[PDB]
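Inspection log for the structure reproduced underneath, given as structure tokens.
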Amino acid sequence: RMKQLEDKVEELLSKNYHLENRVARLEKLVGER
Amino acid sequence: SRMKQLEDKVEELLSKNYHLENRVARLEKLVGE
Amino acid sequence: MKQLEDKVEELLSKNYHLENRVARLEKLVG
């Protein structure tokens with residue numbers, strides 16, 4: 001139950017990191033227009 | 001419950017990340033990059 | 001458990017800020 005939480009939080013930490021990089025790419029692209 | 005509150009927050013984050021990623025993917029389709 | 005709460009607060013903060021950045025892009029692209 002705790003292990004289930006830990007795994008999901010780890011997934012979320014990773015997913016947030018990678019999603020932010022995609023947002024930063026968009027910001028770069030849109031900002032150079 | 002302190003544990004229940006944590007599980008709720010995690011479920012919230014999982015939902016939020018799903019939906020936010022879809023919004024980012026949409027932007028990526030629109031930007032074409 | 002406390003370390004997990006800290007990570008979750010981190011995620012909640014990061015999601016909030018990231019969403020606002022996504023919202024700004026939606027206005028611009030939109």
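Starting from 1 in every chain, residues are counted up; chains themselves are A, B, ... following the order of the structure tokens, and ligands are numbered from 1 as listed.
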
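The environment of range 16-28 of chain C within 9 Å, counting only C-alpha atoms and disregarding residues fewer than 5 places along the same chain, consists of residues 16, 19, 20, 23, 24, 26, 27 and 30 of chain A; 20, 23, 24 and 27 of chain B; 11 of chain C.
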
Using only N, CA and C atoms, please write the residues we just selected to a file, as a PDB file, in the first residue's frame.
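As a result, result_15.pdb now contains:
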```
ATOM      1  N   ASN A  16       6.469  14.351 -14.516  1.00  0.00           N
ATOM      2  CA  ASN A  16       6.497  15.825 -14.415  1.00  0.00           C
ATOM      3  C   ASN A  16       7.774  16.397 -15.015  1.00  0.00           C
ATOM      4  N   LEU A  19       7.472  16.076 -18.799  1.00  0.00           N
ATOM      5  CA  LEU A  19       6.438  16.947 -19.326  1.00  0.00           C
ATOM      6  C   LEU A  19       6.907  18.404 -19.311  1.00  0.00           C
ATOM      7  N   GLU A  20       7.611  18.794 -18.254  1.00  0.00           N
ATOM      8  CA  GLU A  20       8.134  20.158 -18.164  1.00  0.00           C
ATOM      9  C   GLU A  20       9.092  20.447 -19.325  1.00  0.00           C
ATOM     10  N   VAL A  23       7.119  21.236 -22.249  1.00  0.00           N
ATOM     11  CA  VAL A  23       6.545  22.587 -22.115  1.00  0.00           C
ATOM     12  C   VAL A  23       7.619  23.637 -22.421  1.00  0.00           C
ATOM     13  N   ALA A  24       8.809  23.415 -21.885  1.00  0.00           N
ATOM     14  CA  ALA A  24       9.925  24.310 -22.192  1.00  0.00           C
ATOM     15  C   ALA A  24      10.259  24.361 -23.710  1.00  0.00           C
ATOM     16  N   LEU A  26       8.075  23.922 -26.216  1.00  0.00           N
ATOM     17  CA  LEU A  26       6.985  24.742 -26.737  1.00  0.00           C
ATOM     18  C   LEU A  26       7.228  26.218 -26.468  1.00  0.00           C
ATOM     19  N   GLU A  27       7.580  26.543 -25.229  1.00  0.00           N
ATOM     20  CA  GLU A  27       7.896  27.939 -24.881  1.00  0.00           C
ATOM     21  C   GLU A  27       9.019  28.481 -25.754  1.00  0.00           C
ATOM     22  N   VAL A  30       7.434  28.846 -29.465  1.00  0.00           N
ATOM     23  CA  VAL A  30       6.475  29.952 -29.503  1.00  0.00           C
ATOM     24  C   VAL A  30       7.151  31.309 -29.277  1.00  0.00           C
TER      25      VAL A  30
ATOM     26  N   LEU B  20      -3.134  17.146 -18.151  1.00  0.00           N
ATOM     27  CA  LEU B  20      -2.205  18.202 -18.539  1.00  0.00           C
ATOM     28  C   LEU B  20      -1.349  17.728 -19.694  1.00  0.00           C
ATOM     29  N   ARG B  23      -3.257  18.249 -22.866  1.00  0.00           N
ATOM     30  CA  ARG B  23      -3.187  19.660 -23.254  1.00  0.00           C
ATOM     31  C   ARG B  23      -1.840  20.014 -23.903  1.00  0.00           C
ATOM     32  N   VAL B  24      -0.757  19.439 -23.382  1.00  0.00           N
ATOM     33  CA  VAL B  24       0.574  19.697 -23.941  1.00  0.00           C
ATOM     34  C   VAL B  24       0.705  19.061 -25.320  1.00  0.00           C
ATOM     35  N   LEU B  27      -1.098  21.205 -27.791  1.00  0.00           N
ATOM     36  CA  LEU B  27      -0.207  22.314 -28.160  1.00  0.00           C
ATOM     37  C   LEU B  27       0.870  21.881 -29.141  1.00  0.00           C
TER      38      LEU B  27
ATOM     39  N   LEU C  11       5.301  17.695  -6.091  1.00  0.00           N
ATOM     40  CA  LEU C  11       4.511  17.437  -7.280  1.00  0.00           C
ATOM     41  C   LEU C  11       3.302  18.357  -7.406  1.00  0.00           C
TER      42      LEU C  11
END
```

Residues of chain B no more than 9 Å from chain A, counting only C-alpha atoms: send them over as a PyMOL selection string. chain B and resi 3+6-7+10-11+13-14+17+20-21+24-25+27-28+31+33

With N, CA and C atoms retained, export the selected residues as a PDB file, in the first residue's frame.
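Dumped everything to selection.pdb:
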```pdb
ATOM      1  N   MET B   3      -2.629   8.825   5.867  1.00  0.00           N
ATOM      2  CA  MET B   3      -2.385   7.936   4.737  1.00  0.00           C
ATOM      3  C   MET B   3      -3.437   8.088   3.620  1.00  0.00           C
ATOM      4  N   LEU B   6      -2.928  11.279   1.647  1.00  0.00           N
ATOM      5  CA  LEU B   6      -1.788  11.115   0.742  1.00  0.00           C
ATOM      6  C   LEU B   6      -2.190  10.336  -0.508  1.00  0.00           C
ATOM      7  N   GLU B   7      -2.905   9.225  -0.331  1.00  0.00           N
ATOM      8  CA  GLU B   7      -3.414   8.466  -1.483  1.00  0.00           C
ATOM      9  C   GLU B   7      -4.348   9.297  -2.371  1.00  0.00           C
ATOM     10  N   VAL B  10      -2.264  11.696  -4.443  1.00  0.00           N
ATOM     11  CA  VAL B  10      -1.561  10.987  -5.492  1.00  0.00           C
ATOM     12  C   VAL B  10      -2.545  10.709  -6.629  1.00  0.00           C
ATOM     13  N   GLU B  11      -3.750  10.276  -6.292  1.00  0.00           N
ATOM     14  CA  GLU B  11      -4.739  10.033  -7.336  1.00  0.00           C
ATOM     15  C   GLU B  11      -5.067  11.316  -8.094  1.00  0.00           C
ATOM     16  N   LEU B  13      -2.987  13.848  -8.511  1.00  0.00           N
ATOM     17  CA  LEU B  13      -1.838  14.149  -9.353  1.00  0.00           C
ATOM     18  C   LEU B  13      -1.800  13.288 -10.622  1.00  0.00           C
ATOM     19  N   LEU B  14      -2.193  12.031 -10.478  1.00  0.00           N
ATOM     20  CA  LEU B  14      -2.216  11.108 -11.609  1.00  0.00           C
ATOM     21  C   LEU B  14      -3.251  11.592 -12.637  1.00  0.00           C
ATOM     22  N   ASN B  17      -1.933  15.019 -14.140  1.00  0.00           N
ATOM     23  CA  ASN B  17      -0.862  14.811 -15.104  1.00  0.00           C
ATOM     24  C   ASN B  17      -1.409  14.246 -16.420  1.00  0.00           C
ATOM     25  N   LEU B  20      -3.134  17.146 -18.151  1.00  0.00           N
ATOM     26  CA  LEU B  20      -2.205  18.202 -18.539  1.00  0.00           C
ATOM     27  C   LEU B  20      -1.349  17.728 -19.694  1.00  0.00           C
ATOM     28  N   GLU B  21      -0.928  16.467 -19.653  1.00  0.00           N
ATOM     29  CA  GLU B  21      -0.184  15.957 -20.801  1.00  0.00           C
ATOM     30  C   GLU B  21      -0.991  16.026 -22.085  1.00  0.00           C
ATOM     31  N   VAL B  24      -0.757  19.439 -23.382  1.00  0.00           N
ATOM     32  CA  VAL B  24       0.574  19.697 -23.941  1.00  0.00           C
ATOM     33  C   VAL B  24       0.705  19.061 -25.320  1.00  0.00           C
ATOM     34  N   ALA B  25       0.229  17.821 -25.435  1.00  0.00           N
ATOM     35  CA  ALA B  25       0.205  17.113 -26.734  1.00  0.00           C
ATOM     36  C   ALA B  25      -0.599  17.895 -27.781  1.00  0.00           C
ATOM     37  N   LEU B  27      -1.098  21.205 -27.791  1.00  0.00           N
ATOM     38  CA  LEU B  27      -0.207  22.314 -28.160  1.00  0.00           C
ATOM     39  C   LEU B  27       0.870  21.881 -29.141  1.00  0.00           C
ATOM     40  N   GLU B  28       1.450  20.706 -28.907  1.00  0.00           N
ATOM     41  CA  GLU B  28       2.498  20.196 -29.795  1.00  0.00           C
ATOM     42  C   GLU B  28       1.964  19.947 -31.206  1.00  0.00           C
ATOM     43  N   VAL B  31       1.450  23.610 -32.659  1.00  0.00           N
ATOM     44  CA  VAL B  31       2.724  24.265 -32.961  1.00  0.00           C
ATOM     45  C   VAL B  31       3.424  23.547 -34.139  1.00  0.00           C
ATOM     46  N   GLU B  33       5.546  21.572 -34.054  1.00  0.00           N
ATOM     47  CA  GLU B  33       6.821  21.167 -33.510  1.00  0.00           C
ATOM     48  C   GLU B  33       6.575  20.576 -32.127  1.00  0.00           C
TER      49      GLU B  33
END
```

Hey, can you check how far CA of residue 8 in chain C sits from CA of residue 13 in chain A? 8.8 Å

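The space between CA of residue 14 in chain A and CA of residue 32 in chain B spans 24.7 Å.
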